[PDB]
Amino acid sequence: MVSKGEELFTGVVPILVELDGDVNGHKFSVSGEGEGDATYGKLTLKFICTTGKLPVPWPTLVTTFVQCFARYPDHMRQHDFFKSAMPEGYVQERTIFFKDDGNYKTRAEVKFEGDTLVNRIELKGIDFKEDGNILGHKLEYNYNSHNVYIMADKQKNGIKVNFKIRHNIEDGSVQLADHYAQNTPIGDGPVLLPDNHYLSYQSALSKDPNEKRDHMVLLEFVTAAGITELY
């Protein structure tokens, strides 16, 4: 049988992203729109800085900007926490430690509003170096592929996750961003608590040639794996 949350993701779903941010007192807001196709694990999103120039590099916000759109293969359907929490949703909390620099703390509420999947985010950054790779905009506008290993936190009726992102620096080096996360359902009903597995991500960043506002176009594919003798 198909899960109630699963049913909400069988076709293409419109997405709205809203972020309010404050990094070392630099305040900004970002809106994003696009669509998700969970069957293919596909996200297509365009983000616009609605308050001017973004004070941090766009790539540092990629992980923050809807894991309910991951492709979970049929054989892993009983392990899809993110969809099972829908439509009431889930709260994602992260701390992102930039090595030799500051940290972001994020809180995201992911839920449906009608037919639209909404990702509403508050981001707070502190202890950044005003001349570091983040506030000094020294990161390349690109993105590497990463695996994210996931684990149940049954006592919290949720999941706990940690993973490392490597952002390319303009001098050929790398800026590590170490992510620690907890996801918790908003509703009081049952969710699917997964066995250990991972999500495989690939991300491509681009620009809209006709867009004059500060912005980012993101194409991202996300696939679950790591849990599998029929052959």
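When you see a residue number, it is the position in the sequence shown, counting from 1.
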**Request:** Report, from the record, the number of residues in the deposited sequence between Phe65 and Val66 that have no coordinates, as none, 1 to 3, 4 to 9, or 10 or more.
**Result:** 1 to 3
**Request:** Name the higher of the two by mean Cα B-factor in the PDB entry, 167 to 175 versus 182 to 190.
**Result:** 182 to 190
**Item:** Which of 156 to 164 and 135 to 143 has higher mean CA B factor, as the PDB entry lists it
**Value:** 156 to 164
**Asked** Taking the values straight from the PDB record, which of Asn119, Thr116, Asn103, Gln78 has the highest C-alpha temperature factor?
**Response** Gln78
**Request:** Please pick out which of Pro59, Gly41, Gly34, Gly52 has the largest Cα B-factor as recorded in the entry.
**Result:** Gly52
**Message:** By the recorded C-alpha temperature factor, relative to the other modelled residues in its chain, which third is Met151 in?
**Reply:** highest
**Message:** Is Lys46 in the lowest, middle or highest third of its chain when residues are ranked by C-alpha B-factor?
**Reply:** lowest
**Asked** Looking at the C-alpha B-factor of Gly125, is it in the lowest, middle or highest third of its chain?
**Response** lowest
**Prompt:** Comparing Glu18 with the other modelled residues of its chain, is its CA B-factor in the lowest, middle or highest third?
**Reply:** lowest
**Third of the chain, ranked by Cα B-factor, where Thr10 sits** = highest
